[PDB]
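Comments concern the structure below.
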Amino acid sequence: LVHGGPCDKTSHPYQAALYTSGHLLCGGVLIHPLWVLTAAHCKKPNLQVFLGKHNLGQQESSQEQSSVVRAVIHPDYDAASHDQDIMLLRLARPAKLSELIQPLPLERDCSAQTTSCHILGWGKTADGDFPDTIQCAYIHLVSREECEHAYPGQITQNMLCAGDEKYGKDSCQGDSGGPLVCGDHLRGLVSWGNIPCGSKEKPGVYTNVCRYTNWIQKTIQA
Ligand SMILES: N=C(N)c1ccc(NC(=O)[C@H]2CCCNC2=O)cc1
């Protein structure tokens, strides 16, 4: 995350850190004690999910670790265009809920009214380095027309755009799969964007979670 600041310790109980080969790969969101929501391009071998983390470099009393028993990618995911970039992860051990581990409710209404949005993650910072402490930033949703002018013919209905006009606060490398939180509800997932990271003119592109409510529900209860 570029141009942000460390989060408050108790403000991110839904955040998951995804690891492969012993190294941080992606972000994720706890949506049920048995399920984590992330991006389909985060599909790597033998995925390790860590809940209740704040500082990656330190061992914390609040943290829980689980391996993945089932990885469910959306049937219509197209890797080249990033369309329908969503994946469900079944935990081997269901999450032991606490003050620092809780699920986040999803946004069901695609025509949901204006709320305050924020992004969070352990992705690359402004200096080009990986932080130990999780980063946070407030951003605003960018109109569909404004986004189609930034990325001609690359924006589908399964994507949302968001950014910060003043500083260019944006998600970055290592944030993929993380949440776009609008009004205490999951509104989107980190999918793709401008490299080098910065949202002043080309906003970040996120998976539009409101479109996948029925698919998410059918997968969990399958
Ligand atoms: N500028 C942006 N908004 C933005 C958002 C996400 C990325 N994603 C990555 O680089 C990927 C690579 C594959 C695994 N993990 C990642 O995070 C880039 C830019």
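In this analysis, Cβ positions are derived from the backbone assuming ideal geometry, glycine residues included, and neighbour counts consider all displayed protein chains. Coordinate-derived values only; no laboratory data.
Computed quantities for the displayed model
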| read-out | value |
| --- | --- |
| Largest-first ellipsoid semi-axes for segment 75-222, taking √(5λ) over the Cα gyration tensor eigenvalues, angstrom | 24, 20, 15 |
| Exposure proxy ranking, count of Cβ atoms within 10 Å, fewest first, for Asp127, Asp76 | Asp127, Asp76 |
| Ranked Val181, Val72, criterion: other C-beta atoms within 10 Å, fewest first | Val72, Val181 |
| Efficiency of FRET from Cβ geometry, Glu201 and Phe130, R₀ 25 Å, rounded to 0.05 | 0.50 |
| Residue order, fewest to most beta carbons within 10 Å, for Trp122, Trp35 | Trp35, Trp122 |
| Most mobile listed residue (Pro203, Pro179, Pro152) in the chain, GNM with C-alpha springs under 10 Å | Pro152 |
| Cα Rg over Rh - segment 77-118, Kirkwood | 1.07 |
| Table column - 3J(HN,Hα) (Hz), segment 139-150, Karplus curve with 6.51, -1.76, 1.60, x for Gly and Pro | 9, 10, 5, 9, 3, 4, 4, 4, 6, 4, 7, 6 |
| The chain, relative contact order in percent, only Cα pairs under 8 angstrom and at least six apart counted | 24 |
| Shape category assigned to segment 129-173 from the gyration tensor of Cα positions, a/c cut at 1.5 | prolate |
| Under 12 Å, Cβ to Cβ, from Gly27 - net charge with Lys/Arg +1 and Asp/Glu -1 | 0 |
| For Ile155, net neighbour charge (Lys/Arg +1, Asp/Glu -1) across residues whose Cβ lies under 14 Å away | -3 |
| For segment 124-131, Karplus couplings with θ = phi - 60° (6.51, -1.76, 1.60), whole Hz, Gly/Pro x | 3, 8, 4, 5, x, 10, 7, x |
| For segment 105-117, Karplus couplings with θ = phi - 60° (6.51, -1.76, 1.60), whole Hz, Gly/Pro x | x, 7, 7, 9, 9, 5, 9, 4, 6, 3, 10, 7, 9 |
